[PDB]
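This is model_25.pdb (PDB, C-alpha atoms (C1' of nucleotides) and all ligand atoms).
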```pdb
ATOM      1  CA  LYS A  11       0.000   0.000   0.000  1.00  0.00           C
ATOM      2  CA  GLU A  12       1.386   3.390   1.085  1.00  0.00           C
ATOM      3  CA  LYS A  13       3.471   3.717   4.248  1.00  0.00           C
ATOM      4  CA  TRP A  14       2.916   7.263   5.548  1.00  0.00           C
ATOM      5  CA  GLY A  15       4.664   8.935   8.479  1.00  0.00           C
ATOM      6  CA  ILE A  16       4.831  12.251  10.366  1.00  0.00           C
ATOM      7  CA  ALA A  17       7.493  14.990  10.263  1.00  0.00           C
ATOM      8  CA  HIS A  18       7.784  16.972  13.509  1.00  0.00           C
ATOM      9  CA  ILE A  19       9.708  20.229  13.037  1.00  0.00           C
ATOM     10  CA  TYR A  20      10.832  22.200  16.100  1.00  0.00           C
ATOM     11  CA  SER A  21      12.031  25.683  15.132  1.00  0.00           C
ATOM     12  CA  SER A  22      13.402  28.345  17.495  1.00  0.00           C
ATOM     13  CA  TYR A  23      15.805  31.278  17.211  1.00  0.00           C
ATOM     14  CA  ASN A  24      18.735  29.077  18.324  1.00  0.00           C
ATOM     15  CA  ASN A  25      18.275  25.706  16.532  1.00  0.00           C
ATOM     16  CA  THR A  26      16.087  23.489  14.311  1.00  0.00           C
ATOM     17  CA  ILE A  27      15.115  19.815  14.780  1.00  0.00           C
ATOM     18  CA  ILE A  28      13.541  17.560  12.128  1.00  0.00           C
ATOM     19  CA  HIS A  29      12.140  14.270  13.449  1.00  0.00           C
ATOM     20  CA  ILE A  30      10.325  11.681  11.301  1.00  0.00           C
ATOM     21  CA  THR A  31       8.102   9.089  13.044  1.00  0.00           C
ATOM     22  CA  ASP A  32       5.483   6.590  11.870  1.00  0.00           C
ATOM     23  CA  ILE A  33       1.768   7.392  11.489  1.00  0.00           C
ATOM     24  CA  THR A  34       1.045   6.826  15.192  1.00  0.00           C
ATOM     25  CA  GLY A  35       4.101   8.716  16.485  1.00  0.00           C
ATOM     26  CA  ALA A  36       5.331   5.931  18.776  1.00  0.00           C
ATOM     27  CA  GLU A  37       8.253   4.771  16.578  1.00  0.00           C
ATOM     28  CA  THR A  38      11.183   6.964  15.509  1.00  0.00           C
ATOM     29  CA  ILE A  39      12.309   6.667  11.879  1.00  0.00           C
ATOM     30  CA  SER A  40      14.982   9.395  11.808  1.00  0.00           C
ATOM     31  CA  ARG A  41      16.084  12.487  13.730  1.00  0.00           C
ATOM     32  CA  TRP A  42      18.468  15.307  12.727  1.00  0.00           C
ATOM     33  CA  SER A  43      19.246  18.730  14.215  1.00  0.00           C
ATOM     34  CA  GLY A  44      21.245  21.803  13.237  1.00  0.00           C
ATOM     35  CA  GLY A  45      24.230  20.957  15.440  1.00  0.00           C
ATOM     36  CA  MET A  46      24.763  17.660  13.594  1.00  0.00           C
ATOM     37  CA  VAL A  47      25.397  19.269  10.175  1.00  0.00           C
ATOM     38  CA  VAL A  48      27.410  22.424  10.974  1.00  0.00           C
ATOM     39  CA  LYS A  49      30.324  23.227  13.290  1.00  0.00           C
ATOM     40  CA  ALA A  50      29.470  26.784  14.433  1.00  0.00           C
ATOM     41  CA  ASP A  51      26.827  27.674  17.017  1.00  0.00           C
ATOM     42  CA  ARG A  52      25.940  30.816  15.063  1.00  0.00           C
ATOM     43  CA  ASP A  53      24.874  28.843  11.978  1.00  0.00           C
ATOM     44  CA  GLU A  54      22.654  26.293  13.775  1.00  0.00           C
ATOM     45  CA  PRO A  55      19.309  28.096  13.091  1.00  0.00           C
ATOM     46  CA  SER A  56      20.071  29.170   9.492  1.00  0.00           C
ATOM     47  CA  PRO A  57      17.953  28.056   6.503  1.00  0.00           C
ATOM     48  CA  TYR A  58      20.889  26.185   4.910  1.00  0.00           C
ATOM     49  CA  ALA A  59      21.457  24.034   8.009  1.00  0.00           C
ATOM     50  CA  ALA A  60      17.736  23.233   8.012  1.00  0.00           C
ATOM     51  CA  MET A  61      17.975  22.146   4.362  1.00  0.00           C
ATOM     52  CA  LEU A  62      20.979  19.902   5.061  1.00  0.00           C
ATOM     53  CA  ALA A  63      19.353  18.214   8.070  1.00  0.00           C
ATOM     54  CA  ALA A  64      16.039  17.751   6.254  1.00  0.00           C
ATOM     55  CA  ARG A  65      17.854  16.097   3.348  1.00  0.00           C
ATOM     56  CA  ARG A  66      19.671  13.635   5.625  1.00  0.00           C
ATOM     57  CA  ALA A  67      16.465  12.758   7.494  1.00  0.00           C
ATOM     58  CA  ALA A  68      14.466  12.343   4.275  1.00  0.00           C
ATOM     59  CA  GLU A  69      17.067  10.006   2.773  1.00  0.00           C
ATOM     60  CA  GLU A  70      17.077   7.833   5.899  1.00  0.00           C
ATOM     61  CA  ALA A  71      13.263   7.741   5.822  1.00  0.00           C
ATOM     62  CA  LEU A  72      13.122   6.826   2.118  1.00  0.00           C
ATOM     63  CA  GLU A  73      15.524   3.918   2.548  1.00  0.00           C
ATOM     64  CA  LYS A  74      13.088   2.342   5.050  1.00  0.00           C
ATOM     65  CA  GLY A  75       9.936   2.535   2.905  1.00  0.00           C
ATOM     66  CA  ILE A  76       8.230   5.822   3.823  1.00  0.00           C
ATOM     67  CA  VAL A  77       6.463   7.382   0.832  1.00  0.00           C
ATOM     68  CA  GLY A  78       4.963  10.544   2.344  1.00  0.00           C
ATOM     69  CA  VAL A  79       4.539  12.545   5.532  1.00  0.00           C
ATOM     70  CA  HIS A  80       2.142  14.924   7.221  1.00  0.00           C
ATOM     71  CA  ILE A  81       3.869  17.953   8.744  1.00  0.00           C
ATOM     72  CA  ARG A  82       3.583  19.379  12.272  1.00  0.00           C
ATOM     73  CA  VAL A  83       5.682  22.525  12.822  1.00  0.00           C
ATOM     74  CA  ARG A  84       6.040  24.235  16.207  1.00  0.00           C
ATOM     75  CA  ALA A  85       7.743  27.185  17.836  1.00  0.00           C
ATOM     76  CA  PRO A  86       8.815  26.679  21.481  1.00  0.00           C
ATOM     77  CA  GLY A  87       5.605  28.222  22.834  1.00  0.00           C
ATOM     78  CA  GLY A  88       4.377  27.994  26.406  1.00  0.00           C
ATOM     79  CA  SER A  89       5.813  31.059  28.119  1.00  0.00           C
ATOM     80  CA  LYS A  90       8.535  31.441  25.442  1.00  0.00           C
ATOM     81  CA  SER A  91       8.210  32.891  21.927  1.00  0.00           C
ATOM     82  CA  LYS A  92       5.208  31.887  19.818  1.00  0.00           C
ATOM     83  CA  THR A  93       6.938  32.529  16.465  1.00  0.00           C
ATOM     84  CA  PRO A  94       8.973  29.891  14.594  1.00  0.00           C
ATOM     85  CA  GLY A  95      12.569  30.510  13.665  1.00  0.00           C
ATOM     86  CA  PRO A  96      13.841  31.065  10.144  1.00  0.00           C
ATOM     87  CA  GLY A  97      14.461  27.365   9.441  1.00  0.00           C
ATOM     88  CA  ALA A  98      10.949  25.896   9.372  1.00  0.00           C
ATOM     89  CA  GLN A  99       9.863  26.717   5.810  1.00  0.00           C
ATOM     90  CA  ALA A 100      13.265  25.845   4.342  1.00  0.00           C
ATOM     91  CA  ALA A 101      12.976  22.453   6.053  1.00  0.00           C
ATOM     92  CA  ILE A 102       9.493  21.989   4.583  1.00  0.00           C
ATOM     93  CA  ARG A 103      10.633  22.689   1.012  1.00  0.00           C
ATOM     94  CA  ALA A 104      13.678  20.405   1.284  1.00  0.00           C
ATOM     95  CA  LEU A 105      11.591  17.360   2.284  1.00  0.00           C
ATOM     96  CA  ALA A 106       9.574  17.575  -0.941  1.00  0.00           C
ATOM     97  CA  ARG A 107      12.693  18.103  -3.064  1.00  0.00           C
ATOM     98  CA  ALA A 108      14.367  15.007  -1.604  1.00  0.00           C
ATOM     99  CA  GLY A 109      11.509  12.837  -2.924  1.00  0.00           C
ATOM    100  CA  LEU A 110       8.828  12.684  -0.200  1.00  0.00           C
ATOM    101  CA  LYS A 111       5.185  13.431  -0.900  1.00  0.00           C
ATOM    102  CA  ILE A 112       3.546  15.995   1.385  1.00  0.00           C
ATOM    103  CA  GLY A 113       0.139  15.704   3.034  1.00  0.00           C
ATOM    104  CA  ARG A 114      -1.467  18.305   5.286  1.00  0.00           C
ATOM    105  CA  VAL A 115       0.517  21.030   7.052  1.00  0.00           C
ATOM    106  CA  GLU A 116      -0.500  22.415  10.448  1.00  0.00           C
ATOM    107  CA  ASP A 117       1.028  24.425  13.286  1.00  0.00           C
ATOM    108  CA  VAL A 118       0.959  22.842  16.748  1.00  0.00           C
ATOM    109  CA  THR A 119       2.652  25.536  18.840  1.00  0.00           C
ATOM    110  CA  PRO A 120       1.423  25.108  22.452  1.00  0.00           C
ATOM    111  CA  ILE A 121      -0.602  28.164  23.479  1.00  0.00           C
ATOM    112  CA  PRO A 122      -1.752  28.842  27.066  1.00  0.00           C
ATOM    113  CA  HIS A 123      -5.080  30.231  28.154  1.00  0.00           C
ATOM    114  CA  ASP A 124      -3.146  32.379  30.672  1.00  0.00           C
ATOM    115  CA  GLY A 125      -0.479  30.064  32.083  1.00  0.00           C
ATOM    116  CA  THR A 126       2.768  30.827  33.945  1.00  0.00           C
ATOM    117  CA  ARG A 127       5.064  33.834  34.479  1.00  0.00           C
ATOM    118  CA  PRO A 128       7.978  34.247  32.023  1.00  0.00           C
ATOM    119  CA  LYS A 129      11.594  35.039  32.860  1.00  0.00           C
ATOM    120  CA  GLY A 130      13.149  38.509  33.009  1.00  0.00           C
ATOM    121  CA  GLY A 131      11.241  40.439  35.693  1.00  0.00           C
ATOM    122  CA  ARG A 132       8.598  43.140  35.120  1.00  0.00           C
ATOM    123  CA  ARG A 133      11.187  45.105  33.121  1.00  0.00           C
ATOM    124  CA  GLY A 134      12.393  42.436  30.655  1.00  0.00           C
ATOM    125  CA  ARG A 135      15.868  42.068  29.190  1.00  0.00           C
ATOM    126  CA  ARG A 136      17.684  45.392  29.366  1.00  0.00           C
ATOM    127  CA  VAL A 137      20.060  45.614  26.409  1.00  0.00           C
TER
ATOM    128  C1'   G B   1     -16.169 116.664  65.212  1.00  0.00           C
ATOM    129  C1'   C B   2     -13.815 112.871  68.704  1.00  0.00           C
ATOM    130  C1'   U B   3     -14.169 108.648  73.074  1.00  0.00           C
ATOM    131  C1'   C B   4     -18.906 104.205  67.016  1.00  0.00           C
ATOM    132  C1'   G B   5     -19.999 102.967  72.964  1.00  0.00           C
ATOM    133  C1'   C B   6     -24.157 102.731  77.004  1.00  0.00           C
ATOM    134  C1'   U B   7     -28.975 103.686  78.598  1.00  0.00           C
ATOM    135  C1'   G B   8     -35.176 105.917  79.458  1.00  0.00           C
ATOM    136  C1'   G B   9     -39.340 106.271  76.076  1.00  0.00           C
ATOM    137  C1'   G B  10     -42.380 106.678  71.302  1.00  0.00           C
ATOM    138  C1'   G B  11     -43.240 104.765  66.038  1.00  0.00           C
ATOM    139  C1'   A B  12     -42.601 100.981  61.411  1.00  0.00           C
ATOM    140  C1'   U B  13     -42.943  95.662  59.880  1.00  0.00           C
ATOM    141  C1'   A B  14     -39.817  94.605  54.068  1.00  0.00           C
ATOM    142  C1'   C B  15     -35.894  91.163  55.498  1.00  0.00           C
ATOM    143  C1'   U B  16     -33.545  87.736  59.548  1.00  0.00           C
ATOM    144  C1'   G B  17     -35.170  85.326  64.424  1.00  0.00           C
ATOM    145  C1'   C B  18     -39.321  83.141  67.241  1.00  0.00           C
ATOM    146  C1'   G B  19     -44.839  80.881  67.495  1.00  0.00           C
ATOM    147  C1'   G B  20     -49.149  78.749  64.674  1.00  0.00           C
ATOM    148  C1'   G B  21     -51.375  77.045  59.926  1.00  0.00           C
ATOM    149  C1'   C B  22     -51.024  75.342  54.657  1.00  0.00           C
ATOM    150  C1'   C B  23     -47.900  73.094  50.390  1.00  0.00           C
ATOM    151  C1'   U B  24     -44.599  69.933  46.606  1.00  0.00           C
ATOM    152  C1'   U B  25     -40.628  71.655  43.363  1.00  0.00           C
ATOM    153  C1'   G B  26     -35.170  69.694  46.802  1.00  0.00           C
ATOM    154  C1'   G B  27     -34.341  65.023  49.482  1.00  0.00           C
ATOM    155  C1'   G B  28     -36.235  60.338  51.055  1.00  0.00           C
ATOM    156  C1'   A B  29     -39.885  55.727  50.660  1.00  0.00           C
ATOM    157  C1'   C B  30     -42.382  52.349  47.407  1.00  0.00           C
ATOM    158  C1'   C B  31     -44.039  49.649  42.694  1.00  0.00           C
ATOM    159  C1'   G B  32     -42.777  47.798  37.178  1.00  0.00           C
ATOM    160  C1'   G B  33     -39.829  45.811  32.939  1.00  0.00           C
ATOM    161  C1'   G B  34     -34.783  45.856  32.085  1.00  0.00           C
ATOM    162  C1'   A B  35     -28.458  46.657  32.482  1.00  0.00           C
ATOM    163  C1'   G B  36     -23.682  45.653  34.733  1.00  0.00           C
ATOM    164  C1'   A B  37     -15.674  42.030  35.285  1.00  0.00           C
ATOM    165  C1'   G B  38     -20.073  45.494  42.301  1.00  0.00           C
ATOM    166  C1'   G B  39     -19.283  41.880  46.812  1.00  0.00           C
ATOM    167  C1'   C B  40     -19.345  36.957  49.523  1.00  0.00           C
ATOM    168  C1'   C B  41     -20.013  31.392  49.571  1.00  0.00           C
ATOM    169  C1'   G B  42     -20.320  26.334  47.299  1.00  0.00           C
ATOM    170  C1'   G B  43     -19.527  23.189  42.936  1.00  0.00           C
ATOM    171  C1'   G B  44     -17.753  22.109  37.871  1.00  0.00           C
ATOM    172  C1'   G B  45     -13.928  23.106  33.988  1.00  0.00           C
ATOM    173  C1'   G B  46      -9.760  25.190  30.307  1.00  0.00           C
ATOM    174  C1'   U B  47      -5.294  25.086  27.972  1.00  0.00           C
ATOM    175  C1'   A B  48      -0.186  25.823  29.407  1.00  0.00           C
ATOM    176  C1'   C B  49       3.842  24.501  32.604  1.00  0.00           C
ATOM    177  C1'   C B  50       7.073  21.290  36.157  1.00  0.00           C
ATOM    178  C1'   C B  51       8.245  16.461  38.298  1.00  0.00           C
ATOM    179  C1'   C B  52       7.731  10.819  38.218  1.00  0.00           C
ATOM    180  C1'   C B  53       6.911   5.669  35.645  1.00  0.00           C
ATOM    181  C1'   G B  54       6.728   2.743  30.975  1.00  0.00           C
ATOM    182  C1'   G B  55       7.859   2.438  25.129  1.00  0.00           C
ATOM    183  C1'   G B  56      10.999   4.467  20.801  1.00  0.00           C
ATOM    184  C1'   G B  57      15.768   6.477  19.249  1.00  0.00           C
ATOM    185  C1'   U B  58      21.237   8.079  19.768  1.00  0.00           C
ATOM    186  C1'   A B  59      24.834  12.154  20.229  1.00  0.00           C
ATOM    187  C1'   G B  60      24.231  16.087  21.350  1.00  0.00           C
ATOM    188  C1'   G B  61      20.933  19.935  23.892  1.00  0.00           C
ATOM    189  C1'   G B  62      20.678  24.799  26.043  1.00  0.00           C
ATOM    190  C1'   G B  63      22.353  29.950  25.739  1.00  0.00           C
ATOM    191  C1'   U B  64      24.847  34.955  23.617  1.00  0.00           C
ATOM    192  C1'   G B  65      26.601  40.594  20.190  1.00  0.00           C
ATOM    193  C1'   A B  66      30.341  36.514  20.660  1.00  0.00           C
ATOM    194  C1'   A B  67      31.092  32.620  24.497  1.00  0.00           C
ATOM    195  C1'   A B  68      31.219  29.925  28.994  1.00  0.00           C
ATOM    196  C1'   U B  69      29.167  27.910  33.451  1.00  0.00           C
ATOM    197  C1'   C B  70      24.816  24.195  33.178  1.00  0.00           C
ATOM    198  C1'   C B  71      22.134  19.437  31.266  1.00  0.00           C
ATOM    199  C1'   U B  72      23.402  14.538  28.751  1.00  0.00           C
ATOM    200  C1'   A B  73      25.836   7.132  27.719  1.00  0.00           C
ATOM    201  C1'   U B  74      22.955   6.218  35.521  1.00  0.00           C
ATOM    202  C1'   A B  75      20.594   7.627  27.571  1.00  0.00           C
ATOM    203  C1'   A B  76      19.526  13.997  27.455  1.00  0.00           C
ATOM    204  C1'   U B  77      17.167  17.430  23.648  1.00  0.00           C
ATOM    205  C1'   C B  78      12.813  15.301  20.490  1.00  0.00           C
ATOM    206  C1'   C B  79       8.162  11.877  19.795  1.00  0.00           C
ATOM    207  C1'   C B  80       4.248   8.428  22.062  1.00  0.00           C
ATOM    208  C1'   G B  81       1.136   5.998  26.351  1.00  0.00           C
ATOM    209  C1'   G B  82      -0.098   6.953  31.700  1.00  0.00           C
ATOM    210  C1'   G B  83       0.319   9.109  36.984  1.00  0.00           C
TER
HETATM  211 MG    MG A 201      24.896  22.630  19.193  1.00  0.00          MG
HETATM  212 MG    MG A 202      19.161  35.369  36.863  1.00  0.00          MG
HETATM  213 MG    MG A 203      25.604  47.585  26.945  1.00  0.00          MG
HETATM  214 MG    MG A 204      13.475   5.800  28.098  1.00  0.00          MG
END
```
Show this structure as structure tokens.
Amino acid sequence: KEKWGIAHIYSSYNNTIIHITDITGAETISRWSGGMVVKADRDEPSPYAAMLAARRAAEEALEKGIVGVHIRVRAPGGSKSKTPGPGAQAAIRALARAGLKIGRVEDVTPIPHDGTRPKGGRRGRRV
RNA sequence: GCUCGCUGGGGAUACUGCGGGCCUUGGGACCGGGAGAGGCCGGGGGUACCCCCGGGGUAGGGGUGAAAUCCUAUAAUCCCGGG
């Protein structure tokens, strides 16, 4: 038939993580981050690092029989920033280029209905 | 003229004071259909977050203007099932 999986993309201002699981999520097919493809901390969240990691993960997934994925992309969320970093969309485009079919795309950033207090004080970072 | 102050009497009744009568306009009481994150007490929920147990997977995660302390093979970051 068609073996379909899920691509979980975690994108912040400091790094990017691309993690492919099966359709239920309980089994890990492949997992690559920005620090595994570059040597400098400054380049970890760049679009090019996201492309490289997505390509490695997609190749490992294709060798094992995955044909397509559905995509779940998230920023850190909670009491941290709600906006994804610059690597998410580059990672999305690279998966399709490497040979995977793409299903539905959704954002799953966790959002509180008035949760906890964030760091920094009532004055924030002072730079 | 000044010591603008005191005292014996006579007259007036507009205003203020005091006594009696009569009002409803200010204020208060009550009745009707509605408005509101006003207050107190009891019950039922919402996501988010932290810790613990079990499954997967394996070398990094976190963080800055740039780094380091810190966390991680006693298996982290990430994903799934529960408390
Ligand atoms: Mg790193
Ligand atoms: Mg501090
Ligand atoms: Mg300064
Ligand atoms: Mg485990």
Closest-contact table, chain A side, partner ligand MG 203 (chain A), 12 Å, counting all atoms listed in the file, as a Markdown table:
```
| residue | atom | partner | partner_atom | distance |
| --- | --- | --- | --- | --- |
| A:135 | CA | A:MG203 | MG | 11.4 |
| A:136 | CA | A:MG203 | MG | 8.6 |
| A:137 | CA | A:MG203 | MG | 5.9 |
```
(request) Starting from chain A, keep only residues with some atom at most 6 Å from an atom of chain B, counting all atoms listed in the file, and report them as a ChimeraX atom specification. (result) /A:35-38,88,122-123,125
(request) Tell me which residues the PyMOL selection byres (((chain A and resi 48) around 12) and not hetatm) grabs here, as a ChimeraX atom specification. (result) /A:25-26,42-47,49-63
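One distance worth recording is that between CA of residue 64 in chain A and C1' of residue 71 in chain B, which is 25.8 Å.
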(message) Which residues, named as in the file, does the PyMOL selection byres (((chain A and resi 104) around 9) and not hetatm) pick out? Answer as number ranges by chain.
(response) A: 60-62, 64-65, 68, 99-103, 105-109
Show me a table, sorted first by chain and then by increasing residue number, of the residues of chain A having an atom at most 12 Å from ligand MG 202 (chain A), each with its shortest atom pair and the distance in Å to one decimal, counting all atoms listed in the file and written as CSV.
```
residue,atom,partner,partner_atom,distance
A:129,CA,A:MG202,MG,8.6
A:130,CA,A:MG202,MG,7.8
A:131,CA,A:MG202,MG,9.5
A:134,CA,A:MG202,MG,11.6
A:135,CA,A:MG202,MG,10.7
```
(message) Could you tell me how far CA of residue 21 in chain A sits from CA of residue 115 in chain A, in Å to one decimal place?
(response) 14.8 Å
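Distance-wise, CA of residue 85 in chain A and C1' of residue 51 in chain B end up 23.1 Å apart.
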(message) On this structure, the PyMOL selection byres (((chain A and resi 12) around 9) and not hetatm) would catch which residues? List them as a PyMOL selection string, sorted by chain and number.
(response) chain A and resi 11+13-14+75-78
Range 78-83 of chain A, all listed atoms, 4 Å padding on each side: what axis-aligned box centre and edge lengths in Å to one decimal come out, as lines of an AutoDock Vina configuration file?
```
center_x = 3.9
center_y = 16.5
center_z = 7.6
size_x = 11.5
size_y = 20.0
size_z = 18.5
```
(message) Restricting the calculation to only C-alpha atoms and all ligand atoms: of A:126, A:24, A:119, A:31, which residue gets closest to ligand MG 201 (chain A)?
(response) A:24
